There are 4 protein chains.
Amino acid sequence: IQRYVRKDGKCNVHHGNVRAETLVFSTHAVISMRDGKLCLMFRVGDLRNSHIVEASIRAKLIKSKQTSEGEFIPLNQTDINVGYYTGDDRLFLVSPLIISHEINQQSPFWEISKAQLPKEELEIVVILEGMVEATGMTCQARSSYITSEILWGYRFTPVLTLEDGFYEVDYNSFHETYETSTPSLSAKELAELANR
Amino acid sequence: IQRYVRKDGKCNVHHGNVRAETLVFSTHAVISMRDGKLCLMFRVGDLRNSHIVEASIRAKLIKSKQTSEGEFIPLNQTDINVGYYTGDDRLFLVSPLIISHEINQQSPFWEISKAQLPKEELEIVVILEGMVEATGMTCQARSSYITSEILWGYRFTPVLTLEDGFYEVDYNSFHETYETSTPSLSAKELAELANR
Amino acid sequence: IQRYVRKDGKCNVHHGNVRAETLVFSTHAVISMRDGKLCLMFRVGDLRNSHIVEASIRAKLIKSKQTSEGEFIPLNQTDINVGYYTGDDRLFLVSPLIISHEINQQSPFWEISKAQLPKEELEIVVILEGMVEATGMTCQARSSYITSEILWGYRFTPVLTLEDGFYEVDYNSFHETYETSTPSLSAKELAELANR
Amino acid sequence: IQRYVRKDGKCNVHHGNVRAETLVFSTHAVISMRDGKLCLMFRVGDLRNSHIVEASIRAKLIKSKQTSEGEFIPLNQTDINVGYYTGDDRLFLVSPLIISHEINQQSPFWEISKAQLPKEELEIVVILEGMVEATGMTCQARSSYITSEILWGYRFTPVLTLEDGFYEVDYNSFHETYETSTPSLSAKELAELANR
Ligand SMILES: [Mg+2]
């Protein structure tokens with residue numbers, strides 16, 4: 001069993017690193033099943049040459065909406081759950097990670113089906129926050145996924161491989177994704193169907 | 001669909017910006033229905049020329065009170081819920097936002113009706129907190145809404161408009177508000193009535 | 001109605017202030033009823049000449065204990081609830097505040113009666129944390145309450161008075177406390193008795 | 001009763017201290033019963049010559065996994081509960097502490113028995129985070145526990161002793177541990193058995 005982190009806290013990624021370069025999110029987001037739940041996921045890269053202390057991830061849904069009373073909100077913001085409750089948004093960013101927002105009753109994608117997706121006018125804003133160990137200062141990295149950028153029924157290619165006592169990152173695959181069998185019903189719909 | 005945030009994280013607000021100027025809250029707060037719940041809301045502006053990382057919002061109710069045991073607390077503080085539980089107080093401040101505190105059983109405005117409002121001796125203190133990307137340092141901006149400053153049965157004028165691939169802010173409307181049909185019962189009261 | 005905080009965010013405490021001096025906790029802690037719940041409370045002062053951004057309060061119970069399996073923990077730590085869940089530990093420190101830990105089933109003082117108190121070998125450690133606006137840096141102030149320092153059946157004298165459009169703090173009363181009718185049963189006990 | 005923390009906030013540990021040296025986690029982790037619940041625990045040392053403000057602890061489980069849909073995640077991360085919900089991960093690090101993750105239904109060790117442990121391919125990554133009072137800057141200390149490093153059915157030797165009005169730390173015992181009667185069933189198993 002090859003350790004990921006050594007006893008003295010130095011990680012075993014990127015042989016011969018030194019722990020500006022900007023951080024990178026995947027260009028696309030994918031939606032597909034993980035242990036019977038539908039999930040929207042996007043990938044978030046590390047910083048090749050520095051740790052990010054107190055790193056956290058959050059996402060906003062930006063979407064215009066009209067309240068049952070006729071109030072119209074341009075570009076309304078609401079928070080997408082990417083680990084907030086269990087502390088799984090407190091990232092340990094030492095190699096690219098797939099962040100997953102599980103689509104449940106409280107998720108805004110609850111009723112969005114495959115067909116219905118390309119119709120919706122929305123944008124996921126993703127936001128990484130954390131203190132760069134090296135620099136001492138607080139960073140923020142952002143990115144965005146509009147409708148046409150969320151690929152339904154795909155999964156992220158793995159990029160992490162163990163080679164000679166270090167784990168190397170094939171950054172070429174970073175944005176690459178592949179197709180997999182995935183129902184085209186909405187989450188709400190899978191739930192109804194399952195629950196009888 | 002015109003993006004709000006570009007792939008590399010630069011937002012599309014305030015054409016030709018550069019991301020001291022002080023931040024601004026609305027002068028008044030409004031109370032009115034959103035999807036069948038009564039809501040107290042106030043607006044909170046952005047910083048025209050800088051992002052605010054790890055920006056959060058909180059509000060205190062300052063109100064003198066007497067405990068059933070006769071203890072009298074001058075200017076007692078209690079926390080107003082403006083997204084604390086779901087992470088909707090973790091703001092993405094890139095254009096003025098209406099913050100909403102939904103008036104539920106645990107809200108102190110639960111039993112405050114329209115008539116009853118101008119009678120109560122209270123003050124909402126609003127507090128924005130966050131690190132100014134530019135400056136590196138932690139900012140705090142505060143403001144206040146006393147009774148006469150909460151307008152019952154109004155809504156905030158929208159200020160956000162898309163113009164030629166950027167979203168511009170009509171800062172003139174920032175404080176402006178308009179009237180709308182709104183019941184004059186208290187939340188507790190609407191709840192009773194609805195629940196039979 | 002004299003405002004506590006002005007529209008531009010400047011508070012109306014300590015006429016002619018300028019917003020080292022150390023922060024101060026009360027020398028004693030008191031235990032007494034507030035709206036039918038028993039409460040341990042201690043007072044925590046402000047900084048006469050500076051705000052404290054992102055100010056929070058927490059408390060630890062330090063008490064030696066033996067697990068049902070015979071493991072003996074010297075000076076075991078467990079967290080005392082002083083607003084953690086509702087965000088009432090996120091302080092707005094602009095005049096001395098009484099912090100209250102309500103003694104409920106999950107509080108370690110649940111079964112501690114008046115008689116039983118002076119028998120217990122314990123220490124409350126109180127810890128204020130926050131960034132000094134002036135200094136830019138993170139402060140921590142601590143203090144402690146051992147058994148003999150928790151006064152049962154008392155209340156904190158008020159210190160806050162409005163004088164000519166500013167609220168002045170009578171710092172003399174800061175530590176002073178007074179007696180009030182308070183049952184000498186433990187919380188667990190009041191609960192049983194009440195619940196029949 | 002010898003105080004642990006004095007009225008003015010100075011702690012009574014390490015006679016003649018001055019409040020680089022690196023922080024230290026125990027080399028091993030132990031698993032054993034505390035008040036009828038099974039617990040994985042590891043020890044985390046203080047900094048002999050400085051306090052750590054806003055100190056927090058978190059742990060990740062790193063373990064490769066395959067989703068019921070065949071997706072294979074190398075070195076999957078999931079958060080281990082070490083006080084997140086009650087605020088017991090907000091440490092008061094003034095002498096080495098045993099951090100305890102109670103193994104319940106939501107813990108990944110739920111179904112891991114004594115026999116089954118040495119078979120599993122996993123790694124606990126532990127991460128201390130906090131601002132060094134002295135230095136002004138944010139620190140991160142990390143360490144790791146692979147399978148062979150978690151000792152089943154052991155307890156941490158105590159290291160804290162009161163000597164002449166100060167509490168001294170026998171740093172020799174810091175990593176030392178001892179054996180105790182402990183069932184070899186998994187938590188899930190003890191639960192079933194107990195619950196009839
Ligand atoms: Mg911070």
# chains A, B, ... in the order shown; residues from 1 in each chain; ligands from 1
call {"tool": "residues_around", "arguments": {"residues": "region 123-138 of chain B", "least_positions_apart": "5", "cutoff": "6 Å", "atoms": "only C-alpha atoms", "output": "number ranges by chain"}}
result
B: 51-62, 143-146
call {"tool": "interface_residues", "arguments": {"of": "chain D", "to": "chain A", "cutoff": "7 Å", "atoms": "only C-alpha atoms", "output": "PyMOL selection string"}}
result
chain D and resi 67-69+74+78-79+137+140-144
call {"tool": "write_last_selection", "arguments": {"atoms": "N, CA and C atoms", "output": "PDB file, in the first residue's frame"}}
result
ATOM      1  N   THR D  67     -18.240   2.670  -7.306  1.00  0.00           N
ATOM      2  CA  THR D  67     -19.661   2.926  -7.172  1.00  0.00           C
ATOM      3  C   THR D  67     -20.461   1.794  -7.803  1.00  0.00           C
ATOM      4  N   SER D  68     -21.605   1.498  -7.205  1.00  0.00           N
ATOM      5  CA  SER D  68     -22.532   0.494  -7.715  1.00  0.00           C
ATOM      6  C   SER D  68     -22.748   0.538  -9.228  1.00  0.00           C
ATOM      7  N   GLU D  69     -22.328   1.627  -9.869  1.00  0.00           N
ATOM      8  CA  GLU D  69     -22.461   1.775 -11.317  1.00  0.00           C
ATOM      9  C   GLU D  69     -21.151   1.467 -12.025  1.00  0.00           C
ATOM     10  N   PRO D  74     -10.002   6.336  -7.623  1.00  0.00           N
ATOM     11  CA  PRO D  74      -8.756   6.134  -6.907  1.00  0.00           C
ATOM     12  C   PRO D  74      -8.681   7.097  -5.740  1.00  0.00           C
ATOM     13  N   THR D  78     -13.424  11.205   1.893  1.00  0.00           N
ATOM     14  CA  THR D  78     -14.679  11.437   2.616  1.00  0.00           C
ATOM     15  C   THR D  78     -14.332  11.892   4.024  1.00  0.00           C
ATOM     16  N   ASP D  79     -15.164  12.755   4.607  1.00  0.00           N
ATOM     17  CA  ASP D  79     -14.806  13.418   5.870  1.00  0.00           C
ATOM     18  C   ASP D  79     -15.110  12.573   7.094  1.00  0.00           C
ATOM     19  N   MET D 137       0.658  34.324  11.073  1.00  0.00           N
ATOM     20  CA  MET D 137       0.229  33.567   9.884  1.00  0.00           C
ATOM     21  C   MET D 137      -0.495  32.256  10.172  1.00  0.00           C
ATOM     22  N   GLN D 140      -0.608  24.981   8.725  1.00  0.00           N
ATOM     23  CA  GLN D 140      -1.273  23.680   8.547  1.00  0.00           C
ATOM     24  C   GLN D 140      -0.268  22.583   8.868  1.00  0.00           C
ATOM     25  N   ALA D 141      -0.657  21.670   9.749  1.00  0.00           N
ATOM     26  CA  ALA D 141       0.151  20.501  10.033  1.00  0.00           C
ATOM     27  C   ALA D 141      -0.659  19.277   9.631  1.00  0.00           C
ATOM     28  N   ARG D 142       0.004  18.323   8.987  1.00  0.00           N
ATOM     29  CA  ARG D 142      -0.675  17.127   8.518  1.00  0.00           C
ATOM     30  C   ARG D 142       0.043  15.882   9.005  1.00  0.00           C
ATOM     31  N   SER D 143      -0.684  14.775   9.038  1.00  0.00           N
ATOM     32  CA  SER D 143      -0.065  13.470   9.197  1.00  0.00           C
ATOM     33  C   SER D 143      -0.971  12.385   8.654  1.00  0.00           C
ATOM     34  N   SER D 144      -0.547  11.140   8.794  1.00  0.00           N
ATOM     35  CA  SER D 144      -1.264  10.063   8.166  1.00  0.00           C
ATOM     36  C   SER D 144      -1.210   8.788   8.971  1.00  0.00           C
TER      37      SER D 144
END
call {"tool": "atom_distance", "arguments": {"atom1": "CA of residue 195 (chain B)", "atom2": "CA of residue 103 (chain B)"}}
result
16.5 Å
call {"tool": "residues_around", "arguments": {"residues": "residue 149 (chain D)", "least_positions_apart": "5", "cutoff": "8 Å", "atoms": "only C-alpha atoms", "output": "VMD selection string"}}
result
chain D and resid 27 to 29
call {"tool": "atom_distance", "arguments": {"atom1": "CA of residue 178 (chain B)", "atom2": "CA of residue 120 (chain A)"}}
result
29.4 Å
call {"tool": "residues_around", "arguments": {"residues": "region 185-188 of chain D", "least_positions_apart": "5", "cutoff": "7 Å", "atoms": "only C-alpha atoms", "output": "MDAnalysis selection string"}}
result
chainID D and resid 38 103 110:114
call {"tool": "atom_distance", "arguments": {"atom1": "CA of residue 95 (chain D)", "atom2": "CA of residue 107 (chain C)"}}
result
23.9 Å
call {"tool": "select_by_dssp", "arguments": {"residues": "region 48-177 of chain A", "states": "strand (DSSP E)", "output": "PyMOL selection string"}}
result
chain A and resi 52-66+72-80+97-102+123-132+138-146+150-152+154-156+160-163+166-169+177
call {"tool": "residues_around", "arguments": {"residues": "region 19-25 of chain B", "least_positions_apart": "2", "cutoff": "6 Å", "atoms": "only C-alpha atoms", "output": "list in words"}}
result
residues 43, 44, 45, 47, 49 and 50 of chain B
call {"tool": "closest_residue", "arguments": {"among": "C:163, C:139, C:104, C:77", "to": "ligand 1", "atoms": "only C-alpha atoms and all ligand atoms"}}
result
C:139
call {"tool": "residues_around", "arguments": {"residues": "residue 118 (chain D)", "least_positions_apart": "2", "cutoff": "9 Å", "atoms": "only C-alpha atoms", "output": "PDB file with N, CA and C atoms, in the first residue's frame"}}
result
ATOM      1  N   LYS D 114     -12.235  -6.186  13.914  1.00  0.00           N
ATOM      2  CA  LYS D 114     -10.817  -6.301  14.227  1.00  0.00           C
ATOM      3  C   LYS D 114     -10.113  -7.131  13.173  1.00  0.00           C
ATOM      4  N   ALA D 115     -10.679  -8.291  12.877  1.00  0.00           N
ATOM      5  CA  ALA D 115     -10.096  -9.175  11.885  1.00  0.00           C
ATOM      6  C   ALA D 115     -10.048  -8.470  10.539  1.00  0.00           C
ATOM      7  N   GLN D 116     -11.146  -7.780  10.222  1.00  0.00           N
ATOM      8  CA  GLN D 116     -11.373  -7.131   8.926  1.00  0.00           C
ATOM      9  C   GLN D 116     -10.486  -5.910   8.679  1.00  0.00           C
ATOM     10  N   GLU D 120      -8.268  -4.038   5.044  1.00  0.00           N
ATOM     11  CA  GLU D 120      -8.713  -2.850   4.308  1.00  0.00           C
ATOM     12  C   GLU D 120      -7.565  -1.963   3.851  1.00  0.00           C
ATOM     13  N   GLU D 121      -7.713  -1.431   2.642  1.00  0.00           N
ATOM     14  CA  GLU D 121      -6.708  -0.572   2.031  1.00  0.00           C
ATOM     15  C   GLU D 121      -7.065   0.912   2.161  1.00  0.00           C
ATOM     16  N   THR D 147      -3.422   1.514   7.386  1.00  0.00           N
ATOM     17  CA  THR D 147      -4.056   0.424   8.101  1.00  0.00           C
ATOM     18  C   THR D 147      -3.180  -0.110   9.220  1.00  0.00           C
ATOM     19  N   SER D 148      -1.991  -0.588   8.876  1.00  0.00           N
ATOM     20  CA  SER D 148      -1.070  -1.145   9.864  1.00  0.00           C
ATOM     21  C   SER D 148      -0.734  -0.189  11.022  1.00  0.00           C
ATOM     22  N   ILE D 150      -3.151   1.723  12.648  1.00  0.00           N
ATOM     23  CA  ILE D 150      -4.269   1.803  13.571  1.00  0.00           C
ATOM     24  C   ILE D 150      -4.264   0.567  14.461  1.00  0.00           C
TER      25      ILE D 150
END
call {"tool": "closest_residue", "arguments": {"among": "D:169, D:30, D:122, D:93", "to": "residue 46 (chain D)", "atoms": "only C-alpha atoms"}}
result
D:93
